[PDB]
Ligand SMILES: C[C@]12CCC(=O)C=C1CC[C@@H]1[C@@H]2CC[C@]2(C)C(=O)CC[C@@H]12
Ligand SMILES: C[C@]12CCC(=O)C=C1CC[C@@H]1[C@@H]2CC[C@]2(C)C(=O)CC[C@@H]12
Ligand SMILES: [Cl-]
Ligand SMILES: [Cl-]
Ligand SMILES: [Mg+2]
Ligand SMILES: [Mg+2]
């Protein structure tokens, strides 16, 4: 793949959600360019390169009990960037919860993720009331 | 207001769509910083200049038949930023249409939009069922 077109970005970003949904760490990390960055949440220090990004997904996901699902379409540009809204389901205080997140992802020429930025906070965490 | 809290982001961003939907250009342009930038769509170069931004909202909304509504929660950071998903309704090519967009914003200590970036392209355009 060359630089993804809009249409390609949409496909790549959907794929990435499934891969979080099924917890495949090696297939996610392989989607990232070798020298990519993660900011998640945006505002925290970035993470640099595949070693540091695999250590991140293994912390966040490795324990299981995390599902994800797109909660609308992928918005996609003509420069290799897109953004998507989704919901994470996991466990908070021994019980289910939902976290609502938006990721913005810039791709390089090769169809991999150069930069990821995940917009969420505690205001986006919900439970059963 | 100083950077805005996350809860506060959220308010500035829902209020902003509320304004877009009502079509108040001058209300919309004031929410910005003297030196704000818009990138809409992301990837097209920034515009800049309060006047360069009123004309942006004047070109975009000046018929009065645009509508806009959040389609899920604003996602806000603790560093004065947020992201939001919304759906724009308008007529184009004689057809009832809709556009799905995500805007990313930052703000300033005073709660003025400092940057904005609107993610969307023609892949997000569609025709509304009858
Ligand atoms: C890494 C992650 C998924 C991939 C993605 O793109 C965005 C996020 C951000 C929220 C993470 C989540 C994984 C599960 C996490 C670690 C929790 O249990 C608390 C916060 C949450
Ligand atoms: C300016 C705008 C609303 C405010 C906002 O926050 C983001 C956008 C970007 C898409 C614009 C839309 C207004 C209506 C436009 C001009 C169309 O008819 C096609 C593209 C679309
Ligand atoms: Cl949506
Ligand atoms: Cl949503
Ligand atoms: Mg699945
Ligand atoms: Mg490279």
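Chains as they are written, first to last, in the deposited numbering: chain A, 1 to 129; chain B, 1 to 130. Heads up, the beta-carbon is just placed ideally off N, CA and C, and yes, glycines get one too.
Contact test: residue i Cβ vs ligand 5 heavy atom, cutoff 8 angstroms
i	result
residue 18 (chain A)	yes
residue 100 (chain B)	no
Nearest residue (CA-CA) to residue i, options the options
i	options	result
residue 94 (chain A)	A:101, A:68, A:2, A:128	A:128
residue 34 (chain B)	B:85, B:123, B:119, B:115	B:115
residue 84 (chain A)	A:6, A:1, A:126	A:6
residue 41 (chain A)	B:2, B:90, B:75	B:75
residue 14 (chain B)	B:82, B:78, B:57, B:48	B:82
residue 87 (chain A)	A:44, A:103, A:51	A:103
residue 50 (chain B)	B:38, B:78, B:23	B:38
residue 62 (chain A)	A:43, A:44, A:23	A:23
Rounded C-alpha distance that separates residue i from residue j
i	j	result
residue 72 (chain B)	residue 29 (chain B)	24 angstroms
residue 46 (chain B)	residue 96 (chain A)	42 angstroms
residue 89 (chain A)	residue 55 (chain B)	42 angstroms
residue 65 (chain A)	residue 27 (chain A)	18 angstroms
residue 118 (chain A)	residue 60 (chain B)	29 angstroms
residue 120 (chain B)	residue 92 (chain B)	16 angstroms
residue 36 (chain A)	residue 52 (chain A)	10 angstroms
residue 77 (chain A)	residue 48 (chain B)	21 angstroms
residue 126 (chain B)	residue 4 (chain B)	35 angstroms
Residue i: CB within 8 angstroms of a non-hydrogen atom of ligand 4
i	result
residue 73 (chain B)	yes
residue 67 (chain A)	no
residue 46 (chain B)	no
Neighbourhood of residue i by C-beta distance below 7 angstroms, restricted to the same chain and skipping five residues each side
i	result
residue 21 (chain B)	67, 68, 69
residue 106 (chain A)	80, 81, 114, 115
Near ligand 2: residue i beta-carbon under 8 angstroms from a heavy atom
i	result
residue 151 (chain B)	Since the first residue of chain B shown is 1 and the last is 130, residue 151 (chain B) is not available in this structure.
residue 127 (chain B)	no
residue 116 (chain B)	yes
residue 103 (chain B)	yes
Own chain partners of residue i with C-beta closer than 8 angstroms, once the 5 adjacent residues on each side are dropped
i	result
residue 124 (chain B)	99, 100, 101
residue 31 (chain A)	12, 15, 16, 19, 112, 113
residue 2 (chain B)	109, 110, 111
residue 57 (chain A)	25, 28, 29
Residues sharing a beta bridge with residue i, DSSP
i	result
residue 82 (chain A)	A:76, A:105
residue 87 (chain B)	B:69, B:100
residue 110 (chain A)	Looking at the DSSP assignment, residue 110 (chain A) forms no beta bridge with any residue, so it has no partner.
Residue i: CB within 8 angstroms of a non-hydrogen atom of ligand 1
i	result
residue 24 (chain A)	no
residue 56 (chain A)	yes
residue 41 (chain A)	yes
residue 88 (chain A)	yes
Residue i Cβ short of 8 angstroms to ligand 6 heavy atom set
i	result
residue 110 (chain A)	yes
residue 34 (chain A)	yes
Cutoff 6 angstroms; reference residue i; Cβ partners in own chain excluding five residues on either side
i	result
residue 10 (chain A)	74, 76
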